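Asks: I'd like to ask you about the structure that follows.
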Amino acid sequence: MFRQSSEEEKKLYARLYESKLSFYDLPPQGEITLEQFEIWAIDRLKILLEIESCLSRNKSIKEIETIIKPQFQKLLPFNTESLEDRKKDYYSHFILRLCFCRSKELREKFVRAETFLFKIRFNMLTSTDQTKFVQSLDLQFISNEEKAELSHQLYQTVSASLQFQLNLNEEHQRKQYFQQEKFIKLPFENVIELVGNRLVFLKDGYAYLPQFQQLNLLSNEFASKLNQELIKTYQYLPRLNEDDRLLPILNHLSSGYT
Amino acid sequence: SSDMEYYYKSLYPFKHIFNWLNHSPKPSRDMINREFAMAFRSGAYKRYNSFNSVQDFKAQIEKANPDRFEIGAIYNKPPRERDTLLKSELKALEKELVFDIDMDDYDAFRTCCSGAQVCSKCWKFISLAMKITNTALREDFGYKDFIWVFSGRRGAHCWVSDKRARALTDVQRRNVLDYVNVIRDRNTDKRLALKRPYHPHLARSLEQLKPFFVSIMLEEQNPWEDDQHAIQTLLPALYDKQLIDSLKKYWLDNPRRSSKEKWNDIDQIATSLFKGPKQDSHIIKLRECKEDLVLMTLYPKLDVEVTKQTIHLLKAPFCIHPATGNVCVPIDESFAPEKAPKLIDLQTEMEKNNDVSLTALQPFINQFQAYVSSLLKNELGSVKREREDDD
């Protein structure tokens with residue numbers, strides 16, 4: 001049969017937003033303006049302020065999504081090819097690190113708001129984008145034999161969840177989906193919130209988690225790594241103090257949360 | 001006060017308790033930084049005691065001579081040096097995952113005794129609760145290093161000392177408690193909130209408790225022989241209003257039918273009422289209500305305050321109960337409170353023999369020694385496995 005046969009910064013951000021979401025993993029490079037610094041930080045701050053306001057009002061995920069999604073196109077665009085939007089998102093997050101690393105209360109509030117925004121944006125993805133984003137983060141499925149041996153217990157665990165979360169009222173549909181569903185084994189301490197609600201099957205200190213659940217692990221890893229980075233960002237705040245022109249902006253940004 | 005001094009100087013097993021709490025024959029932070037609290041006959045209560053060694057532990061408890069002392073969390077720094085620290089600088093690192101069961105929580109269905117009084121007839125509640133809890137700890141969580149302890153008058157305390165169990169955070173402890181807490185509302189005027197089909201924990205617990213429902217609830221205790229108590233506790237667990245009204249009317253016309261008779265009357269009247277194509281669904285719902293009643297009556301009942309915080313303090317093993325005089329001995333599922341030793345009896349036996357091994361306390365000390373030996377062996381094995389994994 002017949003057969004034939006700075007740029008680096010732009011490539012870096014194209015790589016970082018190929019998945020459409022990021023753990024905000026790497027040091028930015030090059031330059032932006034100070035007006036851009038202030039405005040981008042304030043835009044992300046406004047979105048996170050509304051997220052914290054809705055959570056203090058005890059609104060659900062669907063209501064918060066209805067409230068926040070129109071604001072991305074104005075303040076912080078998502079699901080976009082634009083280099084400007086991608087840099088805006090990345091730099092705004094990194095600025096609010098320096099604003100909110102200063103104290104435990106600020107770190108907790110920033111981690112909570114940013115993790116909830118991470119959850120919202122993850123919900124906006126297609127399943128293919130979610131799979132690719134999870135795989136890019138380098139994030140144990142059980143064998144078919146182990147699934148067969150534990151099939152009764154796993155099906156008893158997930159059958160109600162399949163009906164209520166995936167709307168599979170028919171038992172026939174639930175059985176077919178369960179036949180097609182994969183499960184993850186890990187220590188029970190890692191998914192303890194699902195353990196307290198009895199949403200996972202426990203055996204010998206290991207929790208058995210279906211594939212259609214487990215986003216709390218992703219968001220918890222995001223929150224934990226963000227907290228560790230904020231603790232690190234706190235430790236080298238004395239290097240931030242070499243430029244006086246940034247401190248009034250950060251004080252202004254933090255004043256809205258105090 | 002003199003009896004307690006004699007007890008600490010002659011009878012208390014300080015060495016085995018030190019090995020349990022220290023997790024090592026030689027001293028470590030698990031004892032140096034562990035908080036202990038002492039309660040006194042004057043009404044005083046002193047927190048933030050900690051001990052450098054078994055000799056220091058024994059000497060300080062003997063010198064203070066409290067009515068009892070309580071065990072707390074392992075800290076980052078010695079609690080006895082709290083005067084050198086700000087309150088925010090002394091922080092917890094570990095504590096044994098502890099569960100507390102009280103007999104008084106079963107007075108909704110107990111009849112032979114009420115309140116803090118106990119007897120072997122009602123302790124089958126605690127025995128079944130211990131059995132279900134042990135099944136959960138071994139099969140679900142994979143724990144092995146745990147032991148049950150009699151509270152002295154009315155309850156049982158399980159002290160889980162597995163390294164993964166000791167390291168649980170407050171959030172993790174609360175979620176574990178929620179996992180094992182099934183009857184989350186003690187009020188009797190509703191059916192349980194449990195979803196269907198059962199989680200495997202609930203199904204296994206129900207199958208373990210089914211053989212004992214008749215003999216204990218319907219026959220031994222027999223709480224529903226009183227018609228008003230049945231109307232207030234048994235009927236609200238049922239799913240249908242017409243069934244409840246029919247049973248209420250029938251029992252008011254035919255009073256003082258026993259719990260077994262009422263349990264059969266439910267089936268008979270439901271069969272009489274729910275004829276037709278929907279009969280199978282009504283039978284299934286009735287069976288669901290009876291299964292939920294078994295769980296409502298016999299499942300473990302727990303004090304959340306003991307488990308929901310790492311820093312909590314609880315009465316230590318082998319303490320003396322101030323009112324009853326019983327020793328807070330280790331126990332197993334075959335225990336009853338009548339088998340516990342007492343301080344006065346142990347003093348008499350020591351006066352007669354002058355040897356702890358010839359007293360009634362020595363089988364319980366043997367149980368605790370075997371538990372400590374197994375705990376230390378598993379700790380050393382865990383350290384070896386961790387070192388091999390690091391290598």
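In the structure tokens, chains take the letters A, B, ... in the order shown, each chain's residues start at 1, and ligands count up from 1 in the order shown.
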Counting only C-alpha atoms, which residues of chain B fall within 7 Å of chain A, and what is the closest atom pair for each with its distance in Å at one decimal, ordered by chain and rising number, as a Markdown table?
Replies:
| residue | atom | partner | partner_atom | distance |
| --- | --- | --- | --- | --- |
| B:138 | CA | A:204 | CA | 6.8 |
| B:139 | CA | A:204 | CA | 5.2 |
| B:140 | CA | A:203 | CA | 4.3 |
| B:141 | CA | A:205 | CA | 3.9 |
| B:142 | CA | A:204 | CA | 3.9 |
| B:172 | CA | A:192 | CA | 6.1 |
| B:175 | CA | A:196 | CA | 4.2 |
| B:176 | CA | A:196 | CA | 5.9 |
| B:178 | CA | A:196 | CA | 4.8 |
| B:179 | CA | A:196 | CA | 4.5 |
| B:196 | CA | A:160 | CA | 6.9 |
| B:197 | CA | A:156 | CA | 6.3 |
| B:198 | CA | A:156 | CA | 6.5 |
| B:199 | CA | A:157 | CA | 5.1 |
| B:200 | CA | A:153 | CA | 5.8 |
Asks: With DSSP run on the backbone, what are the helix (DSSP H, G or I) residues within segment 103-277 of chain B? I'd like them as a PyMOL selection string.
Replies: chain B and resi 103-106+124-140+163-166+170-180+200-221+223-225+227-233+235-237+241-253+259-273
Asks: Name the residues of segment 224-342 of chain B that fall into strand (DSSP E or B) according to DSSP on the backbone, using the chain letters and numbers of this document, as number ranges by chain.
Replies: B: 314-315, 320, 326-327, 330-331, 342
Asks: Mind dumping the selected residues with N, CA, C and O atoms as a short mmCIF file (atom, residue, chain, number, x, y, z; two decimals), in the first residue's frame?
Replies:
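So the final result, stored in result.cif, reads:
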data_model
loop_
_atom_site.label_atom_id
_atom_site.label_comp_id
_atom_site.auth_asym_id
_atom_site.auth_seq_id
_atom_site.Cartn_x
_atom_site.Cartn_y
_atom_site.Cartn_z
N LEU B 314 -10.91 9.88 78.65
CA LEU B 314 -11.81 8.82 79.09
C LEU B 314 -11.15 8.00 80.18
O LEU B 314 -9.93 7.81 80.20
N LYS B 315 -11.99 7.51 81.09
CA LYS B 315 -11.57 6.70 82.23
C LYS B 315 -10.73 5.50 81.79
O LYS B 315 -11.14 4.72 80.93
N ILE B 320 -11.14 2.09 89.28
CA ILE B 320 -12.19 1.72 90.23
C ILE B 320 -13.37 2.64 90.01
O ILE B 320 -13.22 3.87 89.98
N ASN B 326 -16.54 -1.54 91.40
CA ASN B 326 -16.03 -2.51 90.44
C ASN B 326 -14.75 -2.01 89.79
O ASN B 326 -14.50 -0.81 89.68
N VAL B 327 -13.92 -2.96 89.35
CA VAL B 327 -12.75 -2.66 88.54
C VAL B 327 -13.19 -2.52 87.09
O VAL B 327 -14.05 -3.27 86.61
N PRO B 330 -10.65 -5.32 81.42
CA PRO B 330 -10.91 -5.73 80.04
C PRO B 330 -11.92 -6.86 79.99
O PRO B 330 -12.06 -7.63 80.94
N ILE B 331 -12.64 -6.95 78.87
CA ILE B 331 -13.75 -7.89 78.71
C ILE B 331 -13.76 -8.43 77.29
O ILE B 331 -12.98 -8.01 76.43
N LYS B 342 -14.19 -6.47 92.42
CA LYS B 342 -14.43 -5.28 93.23
C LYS B 342 -13.20 -4.99 94.08
O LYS B 342 -12.43 -5.89 94.41
#
Asks: Determine, for each residue of segment 197-220 of chain B having at least one atom at most 8 Å from an atom of segment 297-310 of chain B, the closest pair of atoms and their separation in Å to one decimal, counting only C-alpha atoms; order by chain and ascending number, as a Markdown table.
Replies:
| residue | atom | partner | partner_atom | distance |
| --- | --- | --- | --- | --- |
| B:205 | CA | B:299 | CA | 7.7 |
| B:209 | CA | B:298 | CA | 6.9 |
| B:213 | CA | B:298 | CA | 7.5 |
| B:217 | CA | B:297 | CA | 7.7 |
Asks: Please produce an output containing C-alpha atoms for each residue in the selection, written as a PDB file, in the first residue's frame.
Replies:
ATOM      1  CA  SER B 205     -25.408  -6.651  60.718  1.00  0.00           C
ATOM      2  CA  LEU B 209     -28.811  -9.865  64.662  1.00  0.00           C
ATOM      3  CA  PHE B 213     -34.315 -10.893  67.856  1.00  0.00           C
ATOM      4  CA  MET B 217     -36.660  -8.781  72.270  1.00  0.00           C
TER       5      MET B 217
END
Asks: What lies within 12 Å of residue 25 of chain A using only C-alpha atoms, ignoring chain neighbours under 5 positions off, as a short mmCIF file (atom, residue, chain, number, x, y, z; two decimals) with C-alpha atoms, in the first residue's frame?
Replies:
data_model
loop_
_atom_site.label_atom_id
_atom_site.label_comp_id
_atom_site.auth_asym_id
_atom_site.auth_seq_id
_atom_site.Cartn_x
_atom_site.Cartn_y
_atom_site.Cartn_z
CA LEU A 12 4.00 26.63 27.80
CA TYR A 13 0.54 28.09 28.30
CA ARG A 15 0.43 23.05 27.00
CA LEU A 16 -0.95 24.11 30.39
CA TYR A 17 -4.48 24.75 29.04
CA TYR A 90 -3.09 31.56 35.43
CA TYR A 91 -1.61 34.88 36.58
CA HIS A 93 -4.51 32.52 40.51
CA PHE A 94 -0.79 33.03 41.15
CA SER A 136 -2.21 14.28 32.59
CA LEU A 137 -1.93 14.60 36.39
CA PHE A 222 -6.03 20.18 44.30
CA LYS A 225 -1.37 20.87 46.89
CA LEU A 226 -2.67 24.45 46.83
CA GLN A 228 1.16 23.27 50.53
CA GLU A 229 2.09 25.79 47.83
#
Asks: Could you pull the residues within 10 Å of residue 50 of chain A, counting only C-alpha atoms, minus those fewer than 2 positions along the same chain, as JSON, numbers by chain?
Replies: {"A": [45, 46, 47, 48, 52, 53, 54, 55, 56, 64, 67, 68, 71, 113]}
Asks: Create the file for the chosen residues now, containing N, CA, C and O atoms and written as a PDB file, in the first residue's frame.
Replies:
ATOM      1  N   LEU A  45     -10.784  37.591  42.232  1.00  0.00           N
ATOM      2  CA  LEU A  45     -11.267  37.851  43.582  1.00  0.00           C
ATOM      3  C   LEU A  45     -12.778  38.026  43.601  1.00  0.00           C
ATOM      4  O   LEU A  45     -13.444  37.574  44.534  1.00  0.00           O
ATOM      5  N   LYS A  46     -13.336  38.692  42.587  1.00  0.00           N
ATOM      6  CA  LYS A  46     -14.784  38.866  42.529  1.00  0.00           C
ATOM      7  C   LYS A  46     -15.494  37.528  42.369  1.00  0.00           C
ATOM      8  O   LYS A  46     -16.502  37.268  43.048  1.00  0.00           O
ATOM      9  N   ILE A  47     -14.985  36.663  41.483  1.00  0.00           N
ATOM     10  CA  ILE A  47     -15.623  35.352  41.315  1.00  0.00           C
ATOM     11  C   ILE A  47     -15.549  34.551  42.615  1.00  0.00           C
ATOM     12  O   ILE A  47     -16.540  33.949  43.053  1.00  0.00           O
ATOM     13  N   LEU A  48     -14.377  34.535  43.258  1.00  0.00           N
ATOM     14  CA  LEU A  48     -14.247  33.763  44.492  1.00  0.00           C
ATOM     15  C   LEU A  48     -15.074  34.367  45.623  1.00  0.00           C
ATOM     16  O   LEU A  48     -15.591  33.629  46.473  1.00  0.00           O
ATOM     17  N   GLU A  52     -17.857  32.281  47.738  1.00  0.00           N
ATOM     18  CA  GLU A  52     -17.923  32.211  49.194  1.00  0.00           C
ATOM     19  C   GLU A  52     -19.231  32.784  49.724  1.00  0.00           C
ATOM     20  O   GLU A  52     -19.759  32.290  50.725  1.00  0.00           O
ATOM     21  N   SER A  53     -19.767  33.819  49.072  1.00  0.00           N
ATOM     22  CA  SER A  53     -21.050  34.372  49.491  1.00  0.00           C
ATOM     23  C   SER A  53     -22.171  33.359  49.308  1.00  0.00           C
ATOM     24  O   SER A  53     -23.012  33.187  50.198  1.00  0.00           O
ATOM     25  N   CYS A  54     -22.200  32.676  48.162  1.00  0.00           N
ATOM     26  CA  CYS A  54     -23.234  31.671  47.935  1.00  0.00           C
ATOM     27  C   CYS A  54     -23.083  30.496  48.894  1.00  0.00           C
ATOM     28  O   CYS A  54     -24.083  29.953  49.378  1.00  0.00           O
ATOM     29  N   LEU A  55     -21.844  30.082  49.178  1.00  0.00           N
ATOM     30  CA  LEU A  55     -21.645  28.990  50.127  1.00  0.00           C
ATOM     31  C   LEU A  55     -22.063  29.395  51.535  1.00  0.00           C
ATOM     32  O   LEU A  55     -22.600  28.574  52.287  1.00  0.00           O
ATOM     33  N   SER A  56     -21.826  30.654  51.914  1.00  0.00           N
ATOM     34  CA  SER A  56     -22.329  31.133  53.198  1.00  0.00           C
ATOM     35  C   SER A  56     -23.851  31.193  53.206  1.00  0.00           C
ATOM     36  O   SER A  56     -24.470  31.043  54.266  1.00  0.00           O
ATOM     37  N   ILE A  64     -25.077  27.596  42.412  1.00  0.00           N
ATOM     38  CA  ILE A  64     -23.811  28.314  42.290  1.00  0.00           C
ATOM     39  C   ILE A  64     -23.338  28.301  40.842  1.00  0.00           C
ATOM     40  O   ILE A  64     -22.784  29.287  40.346  1.00  0.00           O
ATOM     41  N   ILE A  67     -25.189  30.818  38.975  1.00  0.00           N
ATOM     42  CA  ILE A  67     -24.815  32.182  39.344  1.00  0.00           C
ATOM     43  C   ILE A  67     -23.456  32.563  38.755  1.00  0.00           C
ATOM     44  O   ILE A  67     -23.256  33.703  38.322  1.00  0.00           O
ATOM     45  N   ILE A  68     -22.514  31.623  38.724  1.00  0.00           N
ATOM     46  CA  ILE A  68     -21.115  31.940  38.443  1.00  0.00           C
ATOM     47  C   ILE A  68     -20.785  31.832  36.955  1.00  0.00           C
ATOM     48  O   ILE A  68     -19.934  32.581  36.462  1.00  0.00           O
ATOM     49  N   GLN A  71     -20.454  34.809  34.703  1.00  0.00           N
ATOM     50  CA  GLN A  71     -19.379  35.719  35.077  1.00  0.00           C
ATOM     51  C   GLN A  71     -18.044  35.376  34.424  1.00  0.00           C
ATOM     52  O   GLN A  71     -17.161  36.241  34.377  1.00  0.00           O
ATOM     53  N   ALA A 113     -12.540  28.500  48.291  1.00  0.00           N
ATOM     54  CA  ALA A 113     -13.142  29.130  47.121  1.00  0.00           C
ATOM     55  C   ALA A 113     -12.530  28.603  45.826  1.00  0.00           C
ATOM     56  O   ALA A 113     -13.252  28.305  44.865  1.00  0.00           O
TER      57      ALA A 113
END
Asks: Find, counting only C-alpha atoms, the residue in B:90, B:147, B:126, B:54 that gets nearest to residue 375 of chain B.
Replies: B:147
